[PDB]
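Presented below, as structure tokens, is a lone chain in the form deposited in one PDB entry.
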């Protein structure tokens, strides 16, 4: 008879685990507890702050929500209108001196006329092949070429995805992209050549403020965050998890949102360790740069970088998302360096206003990253891409490296996962999440939050885990049926 006993134990309090917790706390049936080694909920969707006052999200922001359930939980956490800012859902690709709007292929009119020809010629090839295709694409690279043609593949999606995933497009599967047939809309691309939706963001606290607020709604006594909640052993057969302080938790069902390879190690289950080690992943460097001045003459989006004049694959003007992402203009800060690398003339603390850039650089066994120099190379890439002038004054830098950044959709991934996840299922273990179940396409915040919700919904109410197994299905519909108040709660308060 161990130290604590619960029906469902939730390991991890990132969006996946908090999803499971929100649903367990709504159903309010089986007993439950959620643990996390971090004192602050949010996992990799947390927000850091530099000593100089600049916020940087670790794990991006949602630009589209697929579930009314997710929406209800956000509204509960942040219910006032000035808890949120609304911006347009846009993005750009940096290509040959130009900021090319999304979607790239629909905007190549911005590139030189000679290069437009190369693109259309490639897409005509693709359109003609698609017309007699009778097989589905087998690799990511095949999917790209069949969709965009050689010309448009080489300018953007091919070189870009190598910088993101640190594997060639030929070594990745493509089912994760959807069931949309891989063929081009040739008429759309040429018509635009010839002729020449919002998201909400937290006003305060960055993205990680959402998850603090969502977690606040949980009963504190059913949570255990910090060093007291680090899981060190998992005894699958005794249904016992052991914590670092020696506390033992017994469960009837386990929702594990830690990385499945870490789970395999904590089970001292060498069969699973062997299998998990077959999974490929890339590590992520998040770099933040705080700059003195006003914003460069734009809007609140992500920027993509296929070219090899900067080490990062994506950048954002994080200061455009919210004015509380960086210090107020009256705050005094010394200039740390110039964008060109030189030391400033004066050690004087001057006022702002300030703006802020965030970068991501990926690292893997096939793509090393010089930890000692990457910050400077990024800042240089910011000068090369004309995001920073050589003379801009940098007042804050941020650089953190996350070992498990992206779960890589390799060709082998599904083969390995259908050996890992059913084995854990048979031991009554729902290993779910960005790295709990290792599927990038459902690894952003709304899908992940719902992986936890649906996992609990499967454990209690016999629901199909739709997001886990049918991302295509959930992405192609309005998910309105599951709500933070279902009929069950309405009929019980009578």
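Positions refer to the first chain, counted from 1. For clarity, a rigid core is taken as the largest C-alpha set superposing within 1.5 Å between two forms.
Another form exists, deposited in another entry; not displayed. Remarks below refer to it.
Legend entry - Option from 151, 381, 405, 184 moving between this form and the one not shown, CA shift at or above 2 Å, rigid core reference: The one that shifts is 184.
Inset, instruction - Since the C-alpha distance between residue 182 and residue 163 changes by 3 Å or more in the other form, give its direction relative to the shown form: closer or farther. - result: Closer together, by at least 3 Å.
Legend entry - Cα distance between residue 180 and residue 409, which in the other form differs by 3 Å or more from this form, closer or farther: Their C-alpha distance shrinks by at least 3 Å in the other form.
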